Amino acid sequence: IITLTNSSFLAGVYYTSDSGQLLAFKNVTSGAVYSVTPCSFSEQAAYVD
Amino acid sequence: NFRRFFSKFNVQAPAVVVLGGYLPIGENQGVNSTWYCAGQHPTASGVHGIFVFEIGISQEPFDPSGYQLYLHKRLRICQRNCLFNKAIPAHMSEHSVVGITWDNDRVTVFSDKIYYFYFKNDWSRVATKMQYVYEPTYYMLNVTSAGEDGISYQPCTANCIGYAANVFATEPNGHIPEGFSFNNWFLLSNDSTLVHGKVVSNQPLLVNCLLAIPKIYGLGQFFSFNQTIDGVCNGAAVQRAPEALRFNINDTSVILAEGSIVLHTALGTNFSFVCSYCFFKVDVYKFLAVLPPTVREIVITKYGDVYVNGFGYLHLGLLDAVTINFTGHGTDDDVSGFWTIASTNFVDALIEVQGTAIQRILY
Amino acid sequence: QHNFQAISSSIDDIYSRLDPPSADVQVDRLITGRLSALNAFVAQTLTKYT
Amino acid sequence: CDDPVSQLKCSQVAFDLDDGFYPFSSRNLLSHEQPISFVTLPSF
Ligand SMILES: *[C@@H]1O[C@H](CO)[C@@H](O[C@@H]2O[C@H](CO)[C@@H](O[C@@H]3O[C@H](CO[C@H]4O[C@H](CO)[C@@H](O)[C@H](O[C@H]5O[C@H](CO)[C@@H](O)[C@H](O)[C@@H]5O)[C@@H]4O)[C@@H](O)[C@H](O[C@H]4O[C@H](CO)[C@@H](O)[C@H](O)[C@@H]4O[C@H]4O[C@H](CO)[C@@H](O)[C@H](O)[C@@H]4O)[C@@H]3O)[C@H](O)[C@H]2NC(C)=O)[C@H](O)[C@H]1NC(C)=O
Ligand SMILES: *[C@@H]1O[C@H](CO[C@@H]2O[C@@H](C)[C@@H](O)[C@@H](O)[C@@H]2O)[C@@H](O[C@@H]2O[C@H](CO)[C@@H](O[C@@H]3O[C@H](CO)[C@@H](O)[C@H](O)[C@@H]3O)[C@H](O)[C@H]2NC(C)=O)[C@H](O)[C@H]1NC(C)=O
Ligand SMILES: *[C@@H]1O[C@H](CO)[C@@H](O[C@@H]2O[C@H](CO)[C@@H](O[C@@H]3O[C@H](CO)[C@@H](O)[C@H](O)[C@@H]3O)[C@H](O)[C@H]2NC(C)=O)[C@H](O)[C@H]1NC(C)=O
Ligand SMILES: *[C@@H]1O[C@H](CO)[C@@H](O[C@@H]2O[C@H](CO)[C@@H](O[C@@H]3O[C@H](CO)[C@@H](O)[C@H](O)[C@@H]3O)[C@H](O)[C@H]2NC(C)=O)[C@H](O)[C@H]1NC(C)=O
Ligand SMILES: *[C@@H]1O[C@H](CO)[C@@H](O[C@@H]2O[C@H](CO)[C@@H](O[C@@H]3O[C@H](CO)[C@@H](O)[C@H](O)[C@@H]3O)[C@H](O)[C@H]2NC(C)=O)[C@H](O)[C@H]1NC(C)=O
Ligand SMILES: *[C@@H]1O[C@H](CO)[C@@H](O[C@@H]2O[C@H](CO)[C@@H](O)[C@H](O)[C@H]2NC(C)=O)[C@H](O)[C@H]1NC(C)=O
Ligand SMILES: *[C@@H]1O[C@H](CO[C@@H]2O[C@@H](C)[C@@H](O)[C@@H](O)[C@@H]2O)[C@@H](O)[C@H](O)[C@H]1NC(C)=O
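Residue numbers (the entry's author numbering), protein chains in the order written: chain U, 662 to 710; chain Y, 31 to 82, 91 to 111, 122 to 127, 146 to 195, 204 to 350, 372 to 378, 384 to 463; chain Z, 1057 to 1106; chain D, 464 to 507.
Here it is in structure tokens:
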């Protein structure tokens, strides 16, 4: 999921964590940064009886 | 009084800043003075600026092919051959200061704004009918409120150049001193920019020479990748050829002029910086980058590698020299320090970044 | 980060580069690699728990 | 394996599960129809 985000990273064109996974990228023509998130997130189901 | 004069340097109210360059020396502090209050027609040479009715500025050989200046109260910048022959308003408060400074083919004027002009000249000779300045001076502004009030200016020695947060005193071994802010010293990458972490990377952080150039002044200079760069070293100089040179500025308007950055290859080919979207005219056109709205750092290194804001936009053949043409600043917030140029050599350094900027380094 | 002798560490990248048959062989290299890295993490936590 | 409880049972291989916490994936969109996004640097 690509969501426009409200930070203002000045350096680079796209950003990755220390593990090399894409975190955000910058629209160069406008300077706006968009964060990239997984489509689904992990959960824990509580299974009793 | 200099309250109005320094308010022309548009600065935020609660900010304390450092002024550098050919400013008014002052009438009472130091040696300085030389305020020619009377029409004595003083005659001095080697002058690089005047402050304040007749003014005549000319080359020392008094070349008829060189343009001389004559201000009388009308202004004529003329050879026998006239470029400007007109009349200019000359009304000011008695405490207002108007000055002109010439250096490196550049002229700066203080007529209600910090006007900047490019003009190839040699203007040490001058006659007049109120003081001279030959060497750069330095001030501090303890500004506390907008306008004239709260500026609280004072003069100071050269040590104040270390007060500005964007310049540093280079250690004798070439290391950047600890505690530097690295405000716009982006780590260099051809790829994704690390957000938060630590990397041991080969980066040009072994600085040999740092030029703290006042914001209001541009720079026309020739740098070579085989000789030590010229200019006044801010700290301990290192007599080493630059593997990279790093330009740290404030606003993008410095570079927008055509031919601002001219890169000379070992083949002798010239790459001229052009914007309209920035290309490198080859004398064909090579696309550099869609220039970001805020250019803060341009680092150019031999091995044919140019970076804007710490990104690998373009790679070229092995360079040997660079010529600049930087064009001052926007005259809307200047001299809150200096815009700098650092000659650097590559080094393996441990770099910690949070956000996207360096925060501490270890060679 | 580690591409366990596969084409790349990005699994969608593998499926774009390779055909479905050979991609299955390539992605199985990193599935084995990540599973062994996941088992190593578990084995050392159970040691901490003991 | 349609019920989320049954989906959890089929996530493991067992008809009954002990009481506990079992990892789970958030129910993604049933219809994929995923739009294609492509971003690269401008070229000349
Ligand atoms: C974005 O992409 C661009 C382009 O791809 C990258 O640009 C690269 O930048 C690196 C530096 O960060 C360049 O590496 C440098 O290459 C120099 C080339 O030298 C040539 O002549 C020497 C003669 O000795 C040859 O050895 C070289 O060939 C290779 O040799 C060995 C063989 O494995 C390699 O290990 C070398 O790296 C060379 O690639 C070249 O033909 C090279 O001289 C230079 O080496 C200095 O630094 C290393 C440490 O990395 C020292 O060990 C070494 O001793 C050198 O330091 C000495 O330098 C001079 C040499 O005379 C001395 O006078 C000094 O006193 C000092 O002791 C270095 O390896 C690379 O070439 C360049 N790529 C291209 C294509 O141009 C960007 O990096 C990339 N962005 C980022 C962020 O990485
Ligand atoms: C730079 O400016 C700040 C802001 O204060 C402004 O400048 C001063 C020189 C005065 O003209 C102020 O009227 C003006 O608003 C200075 O901070 C202030 O400095 C003054 C004295 O220099 C302080 O007054 C004294 O401070 C001492 C220690 O703090 C007290 O013990 C005294 O009782 C007396 O209050 C004042 O507190 C201080 N802060 C404020 C909010 O005014 C600053 O000194 C000045 N110089 C530098 C180098 O920063
Ligand atoms: C990244 O940022 C750039 C810069 O804002 C975005 O480009 C913008 O795209 C929109 C939609 O194409 C342009 O809107 C214009 O609307 C008029 C109205 O009809 C139309 O005639 C134009 O042809 C255009 O569609 C907008 O002008 C344009 N901005 C520019 C050119 O500066 C871009 O969409 C962003 N996203 C990317 C590149 O993924
Ligand atoms: C370094 O930068 C300066 C400043 O841009 C360069 O001077 C500029 O040179 C151009 C080329 O001729 C001038 O354009 C001309 O302007 C006149 C108006 O005076 C116009 O009539 C011509 O048609 C042409 O457009 C430009 O004005 C001039 N800049 C200034 C402030 O006068 C200089 O050439 C550069 N040096 C190098 C070595 O690149
Ligand atoms: C050059 O550096 C200066 C600071 O070192 C910056 O430009 C100036 O930044 C100040 C601080 O924002 C601006 O002043 C104030 O801006 C706020 C914004 O909300 C406004 O509310 C205030 O009334 C006041 O204007 C100042 O305008 C600005 N100067 C400009 C835009 O010319 C900036 O880092 C660099 N300037 C540029 C143009 O990049
Ligand atoms: C490429 O640029 C170089 C500048 O480094 C040019 O060489 C100089 O051109 C000036 C022009 O006024 C001469 O005064 C110098 O004598 C030349 N040599 C040097 C060493 O500076 C060169 O002519 C340019 N070539 C092209 C094709 O543009
Ligand atoms: C390039 O430089 C070579 C080495 O000489 C020195 O190089 C650097 C380290 C500086 O100290 C410089 O002042 C010295 O000259 C020379 O052998 C070579 O001739 C030079 N070539 C050119 C074209 O200048």
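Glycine residues also receive a C-beta, built at the ideal position from the N, C-alpha and C atoms.
In its chain, beyond the 5 residues on either side, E452 have a beta carbon closer than 6 Å to the beta carbon of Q459/Y. Taking the beta carbon of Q705/U as reference, the chain D residues within 8 Å of it are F484, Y485, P486 and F487, listed in sequence order. Taken in chain order, the complete beta strand (DSSP E) segments of 3 residues or longer contained in the segment 392 to 436 of chain Y are 397 to 401, 405 to 408, 411 to 415 and 419 to 423. Interface residue (Cβ-Cβ distance to chain Y less than 8 Å): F702/U is not classified as such. Of the candidates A43/Y, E397/Y, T427/Y and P251/Y, the residue whose Cα lies closest to the Cα of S226/Y is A43/Y. DSSP, reduced to helix, strand and coil, places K472/D within a helical segment of the structure shown. Taking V269/Y as reference, the option from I93/Y, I235/Y and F260/Y with the minimal CA-CA separation is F260/Y. Distance from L319/Y to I400/Y at the Cβ level is roughly 6 Å; contact confirmed, criterion being Cβ atoms closer than 8 Å.
DSSP, read as helix, strand or coil, puts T73/Y in strand. The count of Cβ pairs closer than 8 Å, one atom from the segment 174 to 182 of chain Y and one from the segment 425 to 436 of chain Y, reaches three, so the stretches are in contact. Within chain Y, the residues whose beta carbon sits less than 7 Å from that of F507/D are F387, listed in sequence order.
Close to chain U, meaning a Cβ-Cβ distance shorter than 7 Å, are the following residues of the segment 386 to 412 of chain Y: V390, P392, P393, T394, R396, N409, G410 and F411. Non-local beta-carbon contacts of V336/Y in its own chain, meaning distances under 6 Å to residues more than five positions away in sequence, involve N344, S346 and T423 in chain order.
Between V476/D and chain U, the shortest Cβ-Cβ separation is not below 8 Å. Taking a C-beta distance under 8 Å as the contact criterion, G79/Y and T167/Y qualify as a contact pair.
Chain-ordered, the chain U residues with CB closer than 9 Å to the CB of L471/D read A706 and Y708.
One thing to note: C234/Y has its Cβ no nearer than 8 Å to the Cβ of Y206/Y. With a beta-carbon spacing of about 29 Å, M214/Y and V312/Y fall beyond the 8 Å limit used to define contacts. CA-CA distance, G417/Y to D378/Y, rounds to 14 Å.
The nearest non-hydrogen atom of ligand 4 is less than 7 Å from the C-beta of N425/Y. With a threshold of 8 Å between beta carbons, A442/Y makes no contact with chain U.
The Cβ neighbour count for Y385/Y, taken over all protein chains shown within 10 Å, is under 16; the residue is labelled exposed.
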